[PDB]
Amino acid sequence: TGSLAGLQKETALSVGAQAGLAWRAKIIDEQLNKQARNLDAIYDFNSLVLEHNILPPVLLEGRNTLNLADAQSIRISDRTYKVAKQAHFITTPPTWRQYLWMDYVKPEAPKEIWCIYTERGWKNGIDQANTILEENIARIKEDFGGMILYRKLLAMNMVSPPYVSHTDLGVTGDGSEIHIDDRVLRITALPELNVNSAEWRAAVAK
Amino acid sequence: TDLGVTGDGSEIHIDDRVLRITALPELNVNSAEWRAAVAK
Amino acid sequence: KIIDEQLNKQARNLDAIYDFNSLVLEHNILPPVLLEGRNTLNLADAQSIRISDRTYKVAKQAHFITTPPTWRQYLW
Amino acid sequence: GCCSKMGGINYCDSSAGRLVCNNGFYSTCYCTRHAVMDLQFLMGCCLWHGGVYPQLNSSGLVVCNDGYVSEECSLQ
Amino acid sequence: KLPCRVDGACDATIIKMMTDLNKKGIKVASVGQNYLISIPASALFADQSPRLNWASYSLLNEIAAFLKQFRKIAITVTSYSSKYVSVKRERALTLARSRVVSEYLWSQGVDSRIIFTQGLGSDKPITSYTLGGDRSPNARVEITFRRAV
Amino acid sequence: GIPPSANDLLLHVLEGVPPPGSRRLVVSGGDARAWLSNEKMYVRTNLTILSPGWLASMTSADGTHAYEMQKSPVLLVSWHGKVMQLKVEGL
Amino acid sequence: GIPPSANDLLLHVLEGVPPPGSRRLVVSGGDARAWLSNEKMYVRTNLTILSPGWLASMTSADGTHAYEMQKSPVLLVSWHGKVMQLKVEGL
Amino acid sequence: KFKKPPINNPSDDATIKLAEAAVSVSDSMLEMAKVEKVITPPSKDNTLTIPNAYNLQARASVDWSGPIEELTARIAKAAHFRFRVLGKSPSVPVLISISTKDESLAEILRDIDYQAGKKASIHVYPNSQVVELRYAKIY
Amino acid sequence: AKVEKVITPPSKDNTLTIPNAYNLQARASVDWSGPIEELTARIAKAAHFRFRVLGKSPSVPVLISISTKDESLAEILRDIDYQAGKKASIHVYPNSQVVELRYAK
Amino acid sequence: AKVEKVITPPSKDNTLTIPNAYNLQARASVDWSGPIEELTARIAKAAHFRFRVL
C-alpha cells in the first residue's frame with residue numbers, strides 16, 4: 001500500500017435521504033407557490049388553442065444530423081422535422097401545476113459516525129429532488145416549444161391546418177326525451193407535414 | 001447519392017446525402033506504372 | 001502511477017508527435033496500415049529454399065471515422 | 001474558508017457552479033459537480049475501453065467490455 | 001475525491017496581492033469581470049530603451065504570481081509611450097517593450113491560451129500633463145483580461 | 001439497401017427529456033448529462049467530444065449537441081481550446 | 001356512427017339528487033358537492049373548473065353547473081377572478 | 001476594500017432553473033412573433049370599433065383570471081355605461097387573464113378585445129353609452 | 001501541408017462580388033432551409049428589385065440553408081451564390097434594378 | 001516529406017489569398033486545441049476586422 005517502506009452505518013443514509021427529499025420538495029413547492037402569476041404569464045397555454053378548442057400538435061426539430069450506420073457507408077441530413085404528439089379536442093387548457101408540482105408527504109416513521117452519514121444522506125436527498133425538478137422543467141419546456149414550432153411552421157406554410165366538419169340536426173328525439181338544437185362536430189384531417197417544397201414561403205425580416 | 005425532401009407527412013428530412021465508399025485501397029501488381037523518385 | 005504522471009507531464013509533445021488528425025483523408029477516412037519487409041529467406045525443407053527481395057502487406061483496412069485516434073488509447 | 005478576507009458566502013450560483021461571496025467577487029470554490037474542472041488524472045482500470053465487464057471470475061483475470069484483458073488489474 | 005476549488009488559488013491570497021500591488025504603486029482595477037493592471041514604464045525599462053532592468057524581474061514574478069490565481073483564455077498587453085523623435089521610433093519601441101514583457105510572462109507559468117501584444121505609441125494619453133519623459137504618467141504598459149467563469 | 005437515417009431519441013435528448021426505460025448516469029467535471037437505455041450512452045452537452053468516438057449526432061438551434069455512442073467511463077472534451085476529461089459513474 | 005348526446009344522470013345532479021347506487025365524497029374549501037358512482041366523479045357547483053378537465057357538462061337556468069369527469073383528489077377553480085383549490089376526500 | 005455594486009438577497013437554484021427556461025421561451029416567442037409579423041402584415045386597428053369618450057378616462061389597476069363577462073360588466077358599471085350581450089355563450093367558457101397597472105378603461109377594453117380573439121368581440125357606442133359583447137357565430 | 005494544399009488566385013475567383021448599391025446594404029434576419037428560388041425572390045422583393053430566372057428547374061431542386069441574425073442582403077446573396085455551386089448563378093444589374101438566377105446547362 | 005516534395009513540386013503560395021496590411025502586425029502567442037471558427041473569430045477581433053463565414 002504505497003511505498004516499500006510503507007509495506008515494511010448504512011442505515012443512516014437511508015434515514016437521511018427520505019427526510020432530505022421531503023424537505024427539499026416542500027421548499028420547492030413553496031418557491032413554486034411564490035411565483036404563481038409569473039408562471040401563468042410565461043406558460044400561457046390558453047392563448048395557443050386553435051379555433052374549435054383544439055390543442056395544437058407538438059413538433060420536434062433537428063439540425064445537422066449524422067449517422068455512422070456501419071463501416072464503408074454513412075447517412076447525413078441537413079434538417080429533420082417530426083410530429084411528436086397529435087392534435088385533439090380539449091375542454092380545458094393545460095396548466096403548469098400538472099408539470100412542475102412535486103409531491104410532499106410528511107415522513108413520521110424514523111453516534112460516533114452517525115452524524116456524517118446522516119448528513120451525506122441529506123445531501124443525496126436534496127440532489128435527487130433537484131434532479132426531479134430539472135426533469136420536470138425540461139418536460140414542460142419541450143411541450144411548450146413544440147406548440148411554438150407548430151405556429152412558426154404554419155406561418156411558413158409547411159404543415160396543414162386541421163379541418164372541422166359540423167352536422168346540424170334539428171329537433172331530434174322521441175316522445176319521452178327531446179333535444180332542441182343538436183350539432184355534431186368532427187375533425188376529418190389531422191395536421192401533417194408537407195413534402196412538396198415548391199409551396200413553401202420564406203420570410204425576410206427588415 | 002443526393003436525395004431531396006424525403007419522408008411522409010409525420011416526419012420529413014430536408015436534404016439527405018448517402019455516402020458509400022465503393023473500392024477499398026489495394027496494392028497494384030503491374031510494375032510498369034510505378035513512378036520513381038530521385039532527390040537532388 | 002509514476003509512468004502515468006510522466007505521461008501527463010509530456011502531454012503537449014505527444015499530440016505533436018502522434019498527430020493522427022493530419023493523416024485523415026478527404027471524406028474522413030482513416031488511411032490503411034501497411035507493413036514492409038526486406039531481404040526475405042525461407043528454408044521450407046531440405047533441397048529447396050524460397051527467397052524474396054521485398055514484401056508489402058496490408059494489415060488494416062480503411063474505414064469511415066467520426067473522431068481521430070489519440071495516444072491515450074495506446075499509452076495510458 | 002472559501003470567502004476568506006471577505007464578507008462570507010452569499011449563495012451557490014449553479015449556473016456557473018461557483019460560490020458568490022458577500023462582495024461582488026466570485027469565489028474559487030466549487031459548489032456543484034457540474035463545474036469546469038481541469039481533470040487530467042483518473043483512476044480505475046479498463047479505461048479507454050468499455051469498462052470492467054461485471055462477471056465474477058474463478059481466476060484473477062480482469063476483462064474489459066471490448067474483449068481486452070487488463071494486465072494491471074489482473075492478479076498474478 | 002473530487003477537487004473542491006481551482007488549484008493554487010485562494011481569495012485571501014488574491015486580496016493580499018491586490019492590496020500589496022496597490023500599496024506599492026502598480027494599479028489593479030476590476031470592473032465587472034474585466035481586470036486591468038497598469039504599470040509605469042520607469043519601473044520596468046531604462047530611459048526610452050527596450051532593455052529591462054535586472055531588478056524588475058521580481059516585479060514581473062509578482063505579477064505572474066497574481067496572474068496564476070485566475071482562469072482565463074486571452075490576455076492583452078498594450079504599450080504606450082511619449083513623443084521623443086518621431087512616430088515610427090516610439091511605435092517600434094512600444095512594440096518591442098510589449099514583446100519582451102509578454103515573452104517573460106509566457107516563459108513564466110500563466111495558464112492562458114492566447115496572449116496578444118500591441119504598441120500604440122503616443123496615440124492615447126490619459127493625462128493632459130505631458131511635461132515628463134519616461135517619468136510621465138501616460139507612458140505605461142497595460143495588461144487586460146476577463147475572468148472566465 | 002439504404003442505411004437508416006438517424007435515431008429519433010436524439011430529439012428528446014436535445015430537448016433534455018430522458019428516453020423512456022433508461023436510467024441516469026452521474027457526470028462530473030463539466031456541464032453534461034448522460035443516460036443509459038439499451039447498453040448505449042446518450043449525452044447532452046455543448047462541449048466537443050474528442051477521443052472515444054460516437055455513433056450518431058444531432059445539433060440544436062442554439063448550439064447544443066446530442067450524441068449516441070457506446071458505453072465508456074471517461075470522455076475527452078475541449079472546453080475553450082483546452083483539453084480536459086469528464087468522468088462517468090453508474091455504469 | 002353518431003356520438004352519444006349526453007349522460008342523463010346530470011339532470012339529477014343539476015337538481016341535487018345523487019345518482020342511485022353511488023357514494024358520497026367530502027369536499028372542502030368551497031361550495032361544491034361530489035358523488036362517485038362508476039369510478040367517475042359527478043360534481044355540482046357554480047364555480048368554474050379550470051385544471052383537471054371534464055368529460056361532459058350541463059348547465060341549469062339559474063347558473064348551476066354539472067360536470068362528469070374522472071376521479072381526482074384536487075380541483076382547481078376560479079371564484080371571482082381568483083384561482084384556488086378544492087380538496088376531495090373519500091376516494 | 002474591494003466591492004462590486006450588485007449585492008442582492010441570496011438566490012434559489014429552483015428560481016435559477018426557472019429563469020433559464022423562461023429566457024429561452026421568451027426569445028423563441030420573440031423570433032416566432034417576428035416571423036409571423038413579417039409574413040402577415042396587419043392593416044386594421046380596433047380604435048374604430050372601440051373609440052374613447054369622456055368618463056372612459058377614469059383609470060383602473062386590474063388582476064383578473066376568470067371569464068370575460070363579469071369583468072366586462074364591472075368595467076361598464078364603473079364607466080356608467082349600459083351592458084349588452086349578443087349571441088349565446090359557448091359551453092366551453094371564454095377565459096382571459098389580465099394583469100395591468102394604472103391604465104385607462106378604453107385601453108383595458110381594447111386589451112380584452114385583443115385577447116378574446118376569434119371567440120368574442122367588444123363594441124362601444126358613446127352616443128347611446130353602450131358597451132356590447134358579442135359572441136362568435138361558431139359551433 | 002504546404003506541398004499538399006492547392007489554392008486559386010483572387011483574379012479568377014468565381015464568386016459574386018458586393019454590388020454596393022444603396023438598397024442592398026439594409027440588414028436582415030433570415031432563417032431558411034429549402035429551395036433557392038423562393039428565397040432569392042423574397043430577397044429581391046425586400047430589396048425592391050425585380051427578379052427573373054433563365055433556365056429550367058431540375059427534377060431534384062437546389063437546396064440551400066441560410067441562418068443569420070444580422071447580415072446585409074448583398075452578403076446573403078453572396079452566400080447563396082457560394083452555396084449554389086456550379087448548378088446556379090446569381091447576377092445583379094443595378095442600372096436596371098434586377099437580379100437574375102441562371103441555371104446550368 | 002522529402003519523397004512527396006520530389007514527386008509533387010508546389011507552384012502557388014497563399015500570400016496572394018492572405019496578404020498583410022497595417023494592424024495585422026500585432027503579435028500573438030497561442031496554444032489552441034479546438035475548432036477553427038472561435039480561434040479565427042478571436043484573431044479577427046484582435047485585428048479589428050469583420051468576420052464572415054461562407
# chains A, B, ... in the order shown; residues from 1 in each chain; ligands from 1

$ closest_atom_pairs --of "chain A" --to "chain D" --cutoff "12 Å" --atoms "only C-alpha atoms" --output "CSV"
residue,atom,partner,partner_atom,distance
A:123,CA,D:32,CA,11.6
A:127,CA,D:32,CA,9.9
A:130,CA,D:14,CA,11.3

$ interface_residues --of "chain H" --to "chain G" --cutoff "9 Å" --atoms "only C-alpha atoms" --output "PDB file with N, CA and C atoms, in the first residue's frame"
ATOM      1  N   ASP H  63     -56.244  42.747 -11.846  1.00  0.00           N
ATOM      2  CA  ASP H  63     -55.626  41.421 -11.872  1.00  0.00           C
ATOM      3  C   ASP H  63     -56.758  40.396 -11.856  1.00  0.00           C
ATOM      4  N   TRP H  64     -57.131  39.900 -13.033  1.00  0.00           N
ATOM      5  CA  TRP H  64     -58.293  39.039 -13.201  1.00  0.00           C
ATOM      6  C   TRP H  64     -57.891  37.794 -13.979  1.00  0.00           C
ATOM      7  N   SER H  65     -58.363  36.633 -13.526  1.00  0.00           N
ATOM      8  CA  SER H  65     -58.022  35.340 -14.117  1.00  0.00           C
ATOM      9  C   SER H  65     -59.266  34.471 -14.279  1.00  0.00           C
ATOM     10  N   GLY H  66     -60.332  35.040 -14.835  1.00  0.00           N
ATOM     11  CA  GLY H  66     -61.574  34.319 -14.997  1.00  0.00           C
ATOM     12  C   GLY H  66     -62.285  34.606 -16.307  1.00  0.00           C
ATOM     13  N   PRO H  67     -63.601  34.393 -16.333  1.00  0.00           N
ATOM     14  CA  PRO H  67     -64.369  34.627 -17.562  1.00  0.00           C
ATOM     15  C   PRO H  67     -64.501  36.106 -17.898  1.00  0.00           C
ATOM     16  N   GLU H  70     -68.129  38.854 -16.545  1.00  0.00           N
ATOM     17  CA  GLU H  70     -68.196  39.552 -15.262  1.00  0.00           C
ATOM     18  C   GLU H  70     -67.242  40.739 -15.219  1.00  0.00           C
ATOM     19  N   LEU H  71     -66.027  40.564 -15.748  1.00  0.00           N
ATOM     20  CA  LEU H  71     -65.059  41.657 -15.795  1.00  0.00           C
ATOM     21  C   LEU H  71     -65.529  42.780 -16.713  1.00  0.00           C
ATOM     22  N   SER H  91     -70.395  26.442 -24.439  1.00  0.00           N
ATOM     23  CA  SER H  91     -70.314  25.540 -23.293  1.00  0.00           C
ATOM     24  C   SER H  91     -68.910  25.524 -22.700  1.00  0.00           C
ATOM     25  N   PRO H  93     -66.091  27.756 -21.668  1.00  0.00           N
ATOM     26  CA  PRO H  93     -66.088  29.202 -21.417  1.00  0.00           C
ATOM     27  C   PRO H  93     -64.883  29.904 -22.021  1.00  0.00           C
ATOM     28  N   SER H  97     -56.957  36.424 -19.047  1.00  0.00           N
ATOM     29  CA  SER H  97     -56.037  36.662 -17.937  1.00  0.00           C
ATOM     30  C   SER H  97     -55.419  38.038 -18.140  1.00  0.00           C
TER      31      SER H  97
END

$ residues_around --residues "residue 51 of chain J" --least-positions-apart "3" --cutoff "9 Å" --atoms "only C-alpha atoms" --output "mmCIF file with N, CA, C and O atoms, in the first residue's frame"
data_model
loop_
_atom_site.group_PDB
_atom_site.id
_atom_site.type_symbol
_atom_site.label_atom_id
_atom_site.label_comp_id
_atom_site.auth_asym_id
_atom_site.auth_seq_id
_atom_site.Cartn_x
_atom_site.Cartn_y
_atom_site.Cartn_z
ATOM 1 N N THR J 40 -10.383 31.746 -35.165
ATOM 2 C CA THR J 40 -10.349 32.717 -36.257
ATOM 3 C C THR J 40 -11.123 33.983 -35.895
ATOM 4 O O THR J 40 -10.697 35.096 -36.234
ATOM 5 N N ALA J 41 -12.241 33.832 -35.176
ATOM 6 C CA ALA J 41 -13.007 34.988 -34.719
ATOM 7 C C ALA J 41 -12.229 35.813 -33.699
ATOM 8 O O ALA J 41 -12.288 37.048 -33.725
ATOM 9 N N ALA J 44 -9.550 37.728 -35.644
ATOM 10 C CA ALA J 44 -10.168 38.848 -36.354
ATOM 11 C C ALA J 44 -10.571 39.974 -35.404
ATOM 12 O O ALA J 44 -10.421 41.157 -35.739
ATOM 13 N N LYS J 45 -11.078 39.627 -34.217
ATOM 14 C CA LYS J 45 -11.464 40.644 -33.242
ATOM 15 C C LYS J 45 -10.249 41.376 -32.687
ATOM 16 O O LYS J 45 -10.316 42.581 -32.414
#

$ residues_around --residues "residue 3 of chain B" --least-positions-apart "2" --cutoff "10 Å" --atoms "only C-alpha atoms" --output "PyMOL selection string"
(chain A and resi 77) or (chain B and resi 1+5-6+13-18) or (chain I and resi 60-61)

$ write_last_selection --atoms "N, CA and C atoms" --output "tab-separated table (two decimals), in the first residue's frame"
chain	number	residue	atom	x	y	z
A	77	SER	N	-27.96	14.30	-42.97
A	77	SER	CA	-29.13	15.09	-43.32
A	77	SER	C	-28.94	16.51	-42.81
B	1	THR	N	-24.94	9.84	-52.98
B	1	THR	CA	-26.29	9.92	-53.53
B	1	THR	C	-27.03	11.07	-52.84
B	5	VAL	N	-36.19	16.41	-50.48
B	5	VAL	CA	-37.09	16.36	-49.34
B	5	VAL	C	-37.79	15.00	-49.36
B	6	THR	N	-37.41	14.13	-48.44
B	6	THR	CA	-37.93	12.77	-48.36
B	6	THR	C	-38.66	12.56	-47.04
B	13	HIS	N	-37.25	14.82	-43.82
B	13	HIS	CA	-35.85	15.20	-43.86
B	13	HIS	C	-35.63	16.10	-45.06
B	14	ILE	N	-34.91	17.20	-44.86
B	14	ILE	CA	-34.87	18.27	-45.86
B	14	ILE	C	-33.90	17.92	-46.98
B	15	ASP	N	-32.65	17.62	-46.64
B	15	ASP	CA	-31.61	17.32	-47.62
B	15	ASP	C	-30.84	16.10	-47.12
B	16	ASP	N	-31.01	14.97	-47.79
B	16	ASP	CA	-30.35	13.73	-47.41
B	16	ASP	C	-29.17	13.45	-48.33
B	17	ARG	N	-28.07	12.97	-47.75
B	17	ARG	CA	-26.93	12.52	-48.53
B	17	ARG	C	-26.49	11.17	-48.00
B	18	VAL	N	-26.34	10.20	-48.90
B	18	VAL	CA	-25.87	8.87	-48.55
B	18	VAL	C	-24.49	8.70	-49.17
I	60	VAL	N	-34.58	17.24	-59.09
I	60	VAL	CA	-34.20	17.48	-57.70
I	60	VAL	C	-33.82	18.95	-57.57
I	61	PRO	N	-34.53	19.74	-56.77
I	61	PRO	CA	-34.23	21.17	-56.68
I	61	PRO	C	-32.95	21.44	-55.90

$ interface_residues --of "chain J" --to "chain F" --cutoff "6 Å" --atoms "only C-alpha atoms" --output "VMD selection string"
chain J and resid 32 to 34

$ interface_residues --of "chain C" --to "chain A" --cutoff "9 Å" --atoms "only C-alpha atoms" --output "MDAnalysis selection string"
chainID C and resid 62:66

$ write_last_selection --atoms "C-alpha atoms" --output "PDB file, in the first residue's frame"
ATOM      1  CA  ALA C  62      -9.597   1.935 -44.432  1.00  0.00           C
ATOM      2  CA  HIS C  63     -12.972   2.827 -42.924  1.00  0.00           C
ATOM      3  CA  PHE C  64     -15.161   5.787 -42.024  1.00  0.00           C
ATOM      4  CA  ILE C  65     -14.401   7.572 -38.748  1.00  0.00           C
ATOM      5  CA  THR C  66     -16.036  10.353 -36.760  1.00  0.00           C
TER       6      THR C  66
END

$ residues_around --residues "residue 136 of chain A" --least-positions-apart "2" --cutoff "12 Å" --atoms "only C-alpha atoms" --output "number ranges by chain"
A: 96-102, 129-134, 138-143; F: 15-18; H: 14, 17-18, 21

$ interface_residues --of "chain I" --to "chain H" --cutoff "12 Å" --atoms "only C-alpha atoms" --output "number ranges by chain"
I: 28-32, 42, 46, 69

$ atom_distance --atom1 "atom CA of residue 19 of chain H" --atom2 "atom CA of residue 146 of chain E"
25.0 Å
